[PDB]
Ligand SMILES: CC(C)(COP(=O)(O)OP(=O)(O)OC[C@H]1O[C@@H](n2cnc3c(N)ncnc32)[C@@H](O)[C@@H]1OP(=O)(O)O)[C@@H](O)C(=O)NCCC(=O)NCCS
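In the form solved without this ligand, a lone chain appears below as structure tokens.
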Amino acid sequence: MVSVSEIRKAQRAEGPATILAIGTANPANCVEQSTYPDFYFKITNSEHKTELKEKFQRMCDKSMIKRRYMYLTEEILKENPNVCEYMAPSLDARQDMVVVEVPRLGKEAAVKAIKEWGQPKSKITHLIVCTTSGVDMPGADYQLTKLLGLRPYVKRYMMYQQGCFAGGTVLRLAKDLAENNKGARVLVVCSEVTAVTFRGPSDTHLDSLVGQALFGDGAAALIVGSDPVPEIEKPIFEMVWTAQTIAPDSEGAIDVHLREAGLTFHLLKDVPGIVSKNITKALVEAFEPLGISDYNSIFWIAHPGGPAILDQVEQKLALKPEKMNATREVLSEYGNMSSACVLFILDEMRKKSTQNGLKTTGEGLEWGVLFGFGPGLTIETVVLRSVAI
């Protein structure tokens, strides 16, 4: 009696998933990178490790990060000596910080995105929350539903322990949710806090130490939907095609474990080398079908894992130096905010394009690419189209 084909046709959306709003937020405590070595070696009781401090100073000087925003403060660290040691039982204390801070910072970013969107929050049908800092049941998706006053029947997707490529992951997921469901409006929130990874220095663990020079806190929120209401909603970028892959010869490049001592970061291979060796294949998969071969003719968003990934990709492809400008600006002002970074870069790019009177939100260009890099070695690819003005 009942027609499923009629239901399916009536249930789905028509057009491409579109980013309709972007909002960001960071902890209030601003930490300058120029004075970080001294602050970090003092608060971790490591001032006597002069040679290790010199190695950390070089890591900070090479980071291309001017400052980072941190939930952790001198006061909080003085109350948590176990967090200041390289390896002490401290997950409960860290979890108590991030179970609250992740949704707190996420709400700030989400309220800003909802304000830009300008539509009733009761029209948000799906919620994607992504974090690599802490886990809990009910999760941060339930907390944000409560904190934002979303409908109780919002459809939630709680992405925990994702890693640095997950800015691409949440876009890949939001695309399918928006495109398959007529009327769907997806609130996407990436919120990353370094309280679960902060730890003291160890001269036999230099891989762990590099994380201390790079990771910073931040949240970004998006509204994503298909079939925008003309002259009411305002498209910023459209998603057109996505991919995720595991690079060959990359096993163990980035291994991150959640233990009693918190989240521990282990590095085993040349990440910049692997990314730059495999980025061209990811570009031809994405762009050959569109007839695009000139990689300077598209706008660029790349996860700034570190500056060497950016430099090596730029050199490999012969990208003009300006291609990575928005990416490098976010790295310089905020450091590596894990999954949230690429969403901050989208916001920077569209705001600079607008401010500077370019013709599209993607630096005056039509087509663009967003890349996420992280554990596995995983590469996420999202092909974007800009919007006029």
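Note that residue numbering begins at 1 and tracks the sequence as displayed.
Just so you know, the form solved in complex with this ligand exists too; it's not on screen, but the next bit is about it.
- Checked against this ligand in the bound PDB entry, the candidates 359, 62, 42, 320 yield a single residue with a heavy atom inside 4.5 Å, and that residue is 62.
- For the candidate set 86, 265, 295, 160, a heavy atom within 4.5 Å of this ligand in the bound PDB entry is found for exactly one residue, namely 265.
- In the bound PDB entry, residue 177 stays away from this ligand, with no heavy atom inside 4.5 Å.
- Although the partner is absent here, residue 251 is not a contact residue: none of its heavy atoms lies within 4.5 angstroms of this ligand in the bound PDB entry.
- In the bound PDB entry, at least one heavy atom of residue 214 sits within 4.5 Å of this ligand.
- Mapping the unseen interface onto this chain, residue 55 counts among the residues with a heavy atom inside 4.5 Å of this ligand in the bound PDB entry.
- Of the candidate stretches 269-277, 73-81, 286-294, 141-149, only 269-277 has residues whose heavy atoms lie within 4.5 Å of this ligand in the bound PDB entry.
- Although this ligand is not shown here, in the bound PDB entry the stretch 285-310 places heavy atoms of 305, 306, 307, 308, 309 within 4.5 Å of it, in sequence order.
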